Amino acid sequence: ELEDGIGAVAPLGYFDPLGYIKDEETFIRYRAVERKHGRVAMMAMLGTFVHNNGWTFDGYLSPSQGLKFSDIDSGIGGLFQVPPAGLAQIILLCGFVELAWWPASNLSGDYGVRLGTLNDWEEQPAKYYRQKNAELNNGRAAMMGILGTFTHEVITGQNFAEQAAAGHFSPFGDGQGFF
Amino acid sequence: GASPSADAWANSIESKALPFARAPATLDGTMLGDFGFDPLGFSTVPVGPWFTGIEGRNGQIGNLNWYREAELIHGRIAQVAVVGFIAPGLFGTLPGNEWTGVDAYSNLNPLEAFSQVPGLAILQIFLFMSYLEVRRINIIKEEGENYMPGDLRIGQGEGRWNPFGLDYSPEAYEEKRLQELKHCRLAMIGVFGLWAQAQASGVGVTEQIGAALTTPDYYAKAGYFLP
Amino acid sequence: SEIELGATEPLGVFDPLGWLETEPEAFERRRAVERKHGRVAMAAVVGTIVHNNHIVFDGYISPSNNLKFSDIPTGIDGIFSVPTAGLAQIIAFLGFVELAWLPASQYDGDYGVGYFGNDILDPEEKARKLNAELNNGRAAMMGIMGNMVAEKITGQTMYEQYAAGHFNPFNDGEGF
Amino acid sequence: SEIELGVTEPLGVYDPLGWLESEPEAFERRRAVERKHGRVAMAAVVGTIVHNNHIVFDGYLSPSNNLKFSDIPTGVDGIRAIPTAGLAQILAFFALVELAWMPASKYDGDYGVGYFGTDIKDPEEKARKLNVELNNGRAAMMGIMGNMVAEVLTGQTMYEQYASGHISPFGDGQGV
Amino acid sequence: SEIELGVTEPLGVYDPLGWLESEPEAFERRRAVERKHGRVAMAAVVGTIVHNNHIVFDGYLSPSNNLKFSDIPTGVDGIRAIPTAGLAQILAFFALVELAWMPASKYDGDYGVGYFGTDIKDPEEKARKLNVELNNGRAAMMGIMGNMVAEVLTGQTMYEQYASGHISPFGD
Amino acid sequence: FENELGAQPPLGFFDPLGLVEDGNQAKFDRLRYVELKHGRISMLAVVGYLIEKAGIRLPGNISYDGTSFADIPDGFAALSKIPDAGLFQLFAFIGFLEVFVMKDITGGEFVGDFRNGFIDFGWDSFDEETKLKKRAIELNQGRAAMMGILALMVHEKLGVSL
Ligand code: CLA
Ligand code: CLA
Ligand SMILES: CCCCCCCCCCCCCCCC(=O)OC[C@H](CO[C@@H]1O[C@H](CS(=O)(=O)O)[C@@H](O)[C@H](O)[C@H]1O)OC(=O)CCCCCCCCCCCCCCC
Ligand SMILES: CC(=O)O[C@H]1CC(C)(C)C(=C=C/C(C)=C/C=C/C(C)=C/C=C/C=C(C)/C=C/C=C(\C)C(=O)C[C@@]23O[C@]2(C)C[C@@H](O)CC3(C)C)[C@](C)(O)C1
Ligand code: KC1
Ligand code: KC1
Ligand code: KC1
């Protein structure tokens, strides 16, 4: 919300530098998207932290196709390694949350998820502002991290485990790009 | 209702650096070096001295003294790091002991010369860079709101350190401020290219320019065999 | 307030140099230094237990240098065996934490996060945990200093010394 | 005064550029630069006479590098043969002299000493010796540069040029 | 004109104990001791330079003790190599100077000699040289301790230490 | 700090160094505390050295381990042959004294008065004259004992007979 100053944190303040908020109704649409994109991209960043660390389940993801959990790539192509009979299950459960349980039509972003004494907002309202800003700020940093993780695999061809094993962290002197 | 920065893009005066792009209203003209260059609108969203604590984290409206403070300290370091990227390749290197190891100060690639010199060389440079930043914070503690950006109390005016006299006239002094700022912005671009070429070539810049400003060994004429 | 905390029961307000009555304008920075030196030493003491218990991560901290995490010594020479490009990455991030995230020019030490996130609702349950941070912080200052001088005097790290049973300084080969 | 101190008999006030009234405020540093350059070049001419007379110190400049004093070239490559830790000592001592002891920003050259420790109380005699210091400085400035270009154009030091009988110009000379 | 004779650049007036208005009464002696300790130490660092450059008197100091000038050590133990019949001769003669000829009773430091026999009549000429005698006297006090301390912490004299390349602080 | 317990018929308020030339009571009562803290230890240390040099021992078997009291040497070598299980007990109990029961718990009427109303061997039957010299005795007895015990240890390592 604008009046509490939820997204405006202390390094930059009200960081709308290109002038996109020209009234109050288009802020609530944009914050509903920013908070939703931040919640998706945070679980996307914890995915790449877990996948590129090699932490896999034991057994077969698809035993009728013989596809182990170990032979899914930890990079940007690992989701499509998965058989489409299997990730139709992912789209159908996540689509059921998006329409019924956590309806993404709710622009407020509240879905009542309260983990009680870890947020007693009625007796410490400063913890409300701390946890509301940190949901956006960790979502904004993970939105740029997953755009980092995606394009670093595209321009190098290696995933994050492979380009860190090679020490390939500089776009200069390598055989890739015109630099 | 509207953003505080959407109102600065509503006035949106004519620019000079980007004369097709209509610089925002927060570039008032009253600052040194403002040429109407803010296409991303950072001056509409001004920062405060966050390092002083939480009460300094907010930025005052219309005050870019901390953006200019970070601009001057980036450019003053960048200026002396052009020479640091160049002068070992031009004026030779320093010799080493058996303690530090011979050829420790002798890596003409400036980026892996960071990882070749001893750690006590890097630590004492960092602590000297630390000491003048302690001197900076103690100046911004004392001056506060009347703190001029880039002031380390070195030079001409009030009770500053002036071992050279340096007693400029009061508007040849603002030309020196503009000469400093234009060299700050230029050497920031220059030290980026030095850092990027040292990675891309693997050698120093005198070692890449000097190899390109020389004739190749197969193209060189044998030359001057006429008695 | 802050001038009565740090003063617990077995001694009270303990200032043998008398700088509370002499220079009260320097106290709240000196409390901030005491709290920061405490919090640094508490992570430093806990680090020495974890290092000397041979809890290492895996692999190489610097594969160019061919230097594993277990190749790091568990004593004083451990942070200095880390390569200089690696030590510059620690200090650049710790300067980002100590100037931007938890700015150490903020002298009340209060950075938005509470005690495990929560603000202590009572005022003297707050003062009890404010004293427990200071007292554990003051005890860890002597703990990390007592671990650094006793490594460089006995020549062994804390695993080395404890393996050897070199606990008695009166019947070994030392001074006195 | 300082404006009257550089003028002597055959030329008088001599400025072809005319900066004595074009830039009258830049004069009092430009006198101090002329006096500094003159003082530096006077010791440089006497140094080259001493080096080429083979007056050496009888020892080792750097015994670490097996470098005797007599192994140093007596020409323009003299301090190029000094080891780099040796020029660091020269630059560190004359940082103390050119910034603190006799600071070059003092634009009258009047640091602590007189002429052999004497303050010349006669103003017409003091102006005479101030004229001598400027004129011997101007003569040594031409003297040291014509010494330096005669070495690099012959490839010989001043001892070798007077050993081979090479006073006559193979290039083209200019001297009094 | 003695309370401004040690005041020079960067330090200016330097008194961390604050004795200049804790004891404004005892400054006349305390200046005369600093000047005397400066004059003794200035002739001592010059002594360590002459001794470690092997400038000897090419004869016998004590032919009774069969002892020539080149046999005396050039370090801190050179005063002990002198026989006591000979060092009694120097405290018999400096009793004549420190009590009678230039008595150290005289807290001015001023005797019949001037600066190379001349009286300096321009007053900061004279105060410049008086500041130099104090400052070179102060630097020689810290110089003669740093010679004697660094000798016994290496055991070698200054000639021996420089010949071995023992300048850099390796062991300390 | 002219007339109190250190003031003295041979040497009244000696004070050569720059310690207490001010009115700071809290500086003095800290330094007065440690002077009898050092004196009360060193009084038992003079006696504690000279019973070991005279060879007097406890009747034997300092441990179940087969080490007697006469096997333990005298002087600085006693510290190396005391069994380490028992040398923890010496440091833990002296630490138990120095933390808990050695204090101005209840408030004595002077510095060093550690009677908490628990143990008192008189101190009411004195005529207010005799109290302050009888703790000026133990200040000066503690004064000579710490130069006494420092002489016994500088000369044990030297080897000089005393
Ligand atoms: C999901 C995308 C998204 C959306 C809808 C928003 C929306 C908002 N942000 Mg947030 N933000 C985001 C991601 C997003 N943000 C990310 C990733 C960061 C880290 C860089 C931030 C950092 C940030 C800060 C620090 C602040 C905001 C604030 C705001 C509010 C101010 C209006 C504004 O600037 O709109 C943005 C304009 C648009 C979304 C429309 C333009 C769309 C562009 C043209 C698409 C092109 C993007 C390009 C492909 C990739 C960009 C990355 C690239 C530079 C590498 C508004 C609610 C302010 C606030 O909340 O104040 C109360 C505030 O202070 N944002
Ligand atoms: C170190 C350089 C230097 C500088 C800064 C000066 C400065 C001055 N000279 Mg001096 N002079 C010099 C060297 C210098 N001199 C030398 C070597 C000679 C002997 C040839 C003289 C002979 C001389 C005489 C006879 C007189 C002066 C006078 C003056 C003063 C007049 C102000 C003026 O308008 O001068 C003009 C400005 C300058 C001289 C500085 C400009 C420097 C030029 C542009 C550098 C280029 C030189 C060029 C590269 C040389 C190449 C050839 C060489 C290598 C052989 C001024 C203080 C006059 C005076 O003192 O009256 C009060 C005067 O009567 N000069
Ligand atoms: C309202 C309903 C909402 C439903 C929302 C559901 C969304 C589901 C999540 C979608 C996540 C996003 C997927 C992105 C696609 C991707 O990952 O590619 C997968 C592959 C992986 O390849 C891989 O490459 C690897 C090669 S190597 O091993 O690394 O060498 C290899 O290992 C691997 O097998 C191979 O697969 O990556 C690439 O091909 C790089 C693609 C570069 C970017 C594509 C741009 C997409 C087009 C949009 C452009 C703008 C459009 C506007 C203009 C009209
Ligand atoms: C060199 C090398 O390799 O390393 C070596 C080094 C070294 C040191 C040699 C090693 C070792 C051995 C060590 C360190 C052994 C230490 C063991 C340890 C730490 C043993 C704790 C006992 C406490 C007990 C049983 C508590 C009873 C407590 C009771 C009965 C209570 O009621 C407590 C109480 O609080 C309550 C619960 C209830 C309250 O109402 C009342 C109170 C307050 C009273 C190793 C392992 O060999 C490794
Ligand atoms: C921003 C993303 C990022 C990248 C992409 C990255 C990469 C590398 N890190 Mg770094 N790093 C951080 C961030 C990043 N690091 C952070 C947040 C911290 C906590 C403060 C941190 C700590 C250390 C330490 C202690 C060391 C270190 C190293 C390397 C090196 C390994 C390859 C190699 O060295 O062969 C590669 C290039 C080691 C090193 O520099 O060795 C010379 C080393 O010792 N890192
Ligand atoms: C008045 C004239 C005069 C005579 C005639 C004379 C004679 C002797 N001097 Mg004396 N002397 C001075 C004056 C005179 N000395 C003066 C002004 C000083 C400086 C204050 C001085 C200093 C020393 C020192 C340091 C030593 C010393 C010695 C002898 C000894 C040599 C013969 C021998 O020793 O066989 C003979 C008797 C050495 C010595 O006494 O050795 C046992 C010795 O070490 N002198
Ligand atoms: C309600 C109970 C339930 C049953 C009884 C069931 C059964 C199977 N699932 Mg499972 N599933 C969920 C629930 C259930 N699934 C849920 C809540 C999710 C998260 C949204 C989920 C996700 C995936 C993914 C990613 C894959 C997947 C698969 C299979 C396949 C294994 C044998 C096979 O290989 O056919 C059998 C039929 C794999 C697959 O379909 O491969 C073609 C595969 O890749 N599933």
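Chains as they are written, first to last, in PDB author numbering: chain 16, 32 to 210; chain 19, 42 to 268; chain 17, 31 to 206; chain 11, 31 to 206; chain 14, 31 to 202; chain 21, 35 to 196. Built from N, CA and C at the ideal position, the CB exists for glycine as well.
Item: Residue closest to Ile33 (chain 11), alpha-carbon to alpha-carbon, out of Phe57 (chain 11), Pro40 (chain 11), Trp49 (chain 11); Value: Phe57 (chain 11)
Item: CB of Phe132 (chain 19) within 8 Å of CB of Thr114 (chain 17), strictly; Value: no
Item: Nonlocal neighbours in the same chain, by C-beta distance under 7 Å from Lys66 (chain 14), ignoring five residues either side; Value: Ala134
Item: CB contact below 8 Å: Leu149 (chain 16) versus chain 17; Value: yes
Item: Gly36 (chain 16) versus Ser84 (chain 19): straight-line alpha-carbon distance, rounded; Value: 20 Å
Item: Residues from the stretch 126–158 of chain 11 in contact with chain 19, defined by Cβ distance under 8 Å; Value: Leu129, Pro133, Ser135, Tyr137
Item: Rounded C-alpha distance that separates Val143 (chain 14) from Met132 (chain 14); Value: 10 Å
Item: Contact list for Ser94 (chain 17) against chain 16, beta-carbon separation under 7 Å; Value: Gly198
Item: Element boundaries [alpha helix (DSSP H), containing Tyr189 (chain 11)]; Value: 188–191
Item: Cβ-heavy atom distance, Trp49 (chain 11) to ligand 2, below 7 Å; Value: yes
Item: Residue range of the alpha helix (DSSP H) that includes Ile177 (chain 16); Value: 156–187
Item: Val86 (chain 19) Cβ short of 7 Å to ligand 7 heavy atom set; Value: no
Item: Of the listed residues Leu167 (chain 16), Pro114 (chain 16), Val185 (chain 16), nearest to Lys67 (chain 16) (C-alpha basis); Value: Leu167 (chain 16)
Item: DSSP state of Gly82 (chain 21) mapped onto helix, strand, coil; Value: helix
Item: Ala169 (chain 11) beta carbon near ligand 6 (any heavy atom closer than 7 Å); Value: no
Item: Min CB distance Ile118 (chain 19) to chain 17 below 8 Å; Value: no
Item: Where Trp107 (chain 19) falls, given that 16 or more other Cβ within 10 Å makes a residue buried; Value: buried
Item: Contiguous alpha helix (DSSP H) assignments of at least 4 residues, all confined to the stretch 112–153 of chain 14; Value: 114–126
Item: Any non-hydrogen atom of ligand 3 closer than 7 Å to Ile177 (chain 16) Cβ; Value: no
Item: Within 6 Å of ligand 7: residues by beta-carbon to any heavy atom; Value: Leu92 (chain 16), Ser93 (chain 16), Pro94 (chain 16), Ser95 (chain 16), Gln96 (chain 16), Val113 (chain 16), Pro114 (chain 16), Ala116 (chain 16), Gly117 (chain 16), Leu118 (chain 16), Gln120 (chain 16), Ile121 (chain 16), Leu124 (chain 16)
Item: Interface flag, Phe57 (chain 17) vs chain 19, CB-CB below 8 Å; Value: no
Item: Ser92 (chain 14) Cβ short of 7 Å to ligand 6 heavy atom set; Value: yes
Item: C-beta neighbour in chain 17 for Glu166 (chain 16), strict 8 Å; Value: no
Item: Within 8 Å, strictly: CB atoms of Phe210 (chain 16) and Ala241 (chain 19); Value: yes
Item: Reduced DSSP category for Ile91 (chain 17) - H, G, I as helix; E, B as strand; rest coil; Value: strand
Item: Proximity test, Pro113 (chain 14) beta-carbon vs ligand 6 heavy atom, cut-off 7 Å; Value: yes
Item: For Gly167 (chain 11) and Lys98 (chain 11), the rounded distance between their alpha carbons; Value: 32 Å
Item: Pocket of ligand 4 defined by Cβ to heavy atom distance under 5 Å; Value: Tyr192 (chain 17), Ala193 (chain 17)
Item: Under the three-state DSSP convention, the category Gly73 (chain 21) falls into; Value: helix
Item: Residues within the stretch 82–95 of chain 11 neighbouring chain 14, beta-carbon criterion of under 8 Å; Value: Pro93, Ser94
Item: Neighbour flag for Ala41 (chain 16) against chain 19, beta carbons, 8 Å; Value: yes
Item: For residue 232 (chain 16), the residue or residues it bridges with in DSSP; Value: The shown model of chain 16, from 32 to 210, leaves out residue 232 (chain 16), and the question about it has no answer.
Item: Opposing strand residues paired with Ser92 (chain 14) [DSSP bridges]; Value: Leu97 (chain 14)
Item: Beta-bridge pairing of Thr148 (chain 11) - partner residues as DSSP gives them; Value: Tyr145 (chain 11)
Item: heavy atom of ligand 2 below 7 Å from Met175 (chain 11) C-beta; Value: yes
Item: Residues of the stretch 106–136 of chain 17 with Cβ closer than 8 Å to any Cβ of chain 19, in chain order; Value: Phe110, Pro113, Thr114, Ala115, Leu117, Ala118, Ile121, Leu129, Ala130, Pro133, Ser135, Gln136
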